[PDB]
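Take a look at this single chain in structure tokens; it is the form deposited in one PDB entry.
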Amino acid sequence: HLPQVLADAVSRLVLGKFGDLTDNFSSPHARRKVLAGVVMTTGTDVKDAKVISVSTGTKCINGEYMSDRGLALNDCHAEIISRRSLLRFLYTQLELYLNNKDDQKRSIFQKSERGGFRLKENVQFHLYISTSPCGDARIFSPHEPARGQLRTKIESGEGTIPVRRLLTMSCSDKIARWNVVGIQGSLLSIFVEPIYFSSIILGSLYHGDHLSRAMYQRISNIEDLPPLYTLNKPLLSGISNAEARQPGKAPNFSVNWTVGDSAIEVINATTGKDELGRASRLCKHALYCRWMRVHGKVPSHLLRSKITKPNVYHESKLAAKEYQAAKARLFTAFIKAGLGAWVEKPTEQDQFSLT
């Protein structure tokens, strides 16, 4: 209960954890334009909240530097990187369940009636972003009392343009996408049921009408979702002491951290790789490694989708047929509302193996 107290706690917890990871904000990698994070709650408590993930970044990869081997991060906007960090947590929580019977009590996952795994009662995830996400949620005049267009991130800069190959969808559109197909992605949907954010908390440029349109209301025309998939309508809130616009140059790097990690990981938004040119623990390849390790531990009869001898990344995603159908329904709802066609990257980029 009390939306504004939750909002404040989530905002305070994520900022607090960012401090600890940056020598109380004094490290050069505390330099950020947008801060994001995910907080998990367990029961209608107060302070039984855990920061799951902490991220920064405002920039995307140049085309020259795109990987056809899953070694490069395509999108380093804080909120996108915070989701990917949550995927690392969810793989860890599946290994916790699977590695020892006595650890099943400590995992957020339990066996589901319907097959594979689902969350335990009252396990919720909350998204913090220090500003409203790029795209439709940020197309207004904050000093003033055709909308819902899908938008793409512009090659160089930090903002978006409407649509009608090398192009990334806005954060406003990706969170709307997460409010249909879940936050967990295609590959995790093979082990676990759809997972939604209960709350989206903004640290600035909060606006109830614009954010609700961006996040779900523009696609309430959505049709015939498979079972467990809903149009999720999370709690939307700003925070009590909002953050001021700081006009200037925006940093070139993106920070990420997941609960359990000893240190932040610093990526170059331009290359999608860390400062020494190695692959992130968040890239397609690294998440596919986590997924493959869990696929090795889960008996065939316990999968929510059939998939034996997984090799190519793209094939393994196509096996999540509930998810691919809810994605189709999503792509249709935007078209029929007159809001544009989702830009998908050419699926040679996902044609790689762990060979």
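Throughout, we count residues from 1 along the sequence that is shown. Only residues modelled in both forms are compared. If you superpose the two forms and keep the largest set of C-alpha atoms that fall within 1.5 Å, you have the rigid core.
Below, we refer to the form deposited in another entry, which is not included among the displayed structures.
Worksheet item: Where among 227, 277, 248, 260 does the Cα move by 2 Å or more between this form and the one not shown after the core is superposed?
Response: Result of the comparison: 248.
Note to self: So that I can tell if residue 75 moves, could you say whether its C-alpha shifts by at least 2 Å between this form and the one not shown after the core superposition?
What the structure shows: No: residue 75 shifts by under 2 Å between this form and the one not shown.
Core-aligned C-alpha movement of residue 158 between this form and the one not shown, 2 Å or more: Comparing forms between this form and the one not shown, the residue 158 CA shifts at least 2 Å.
Threshold 2 Å Cα movement between this form and the one not shown for residue 294, core superposed:
After core superposition, the displacement of the residue 294 C-alpha between this form and the one not shown stays below 2 Å, so no.
Item checked: Direction of the Cα shift between residue 290 and residue 310 in the other form, where the change is 3 Å or more -> It is farther: the C-alpha separation of residue 290 and residue 310 rises by at least 3 Å in the other form.
Checklist line | Closer or farther in the other form, the Cα atoms of residue 151 and residue 247, when the shift from this form is 3 Å or more | finding: The answer is farther, because the C-alphas of residue 151 and residue 247 separate from each other in the other form by 3 Å or more.
| message | Give me the residue ranges between this form and the one not shown where at least 3 consecutive Cα atoms each move 2 Å or more, fitting on the core only. | response | Once the cores are aligned, runs 139-145, 156-159, 244-248, 307-310 are those whose C-alphas move by at least 2 Å.
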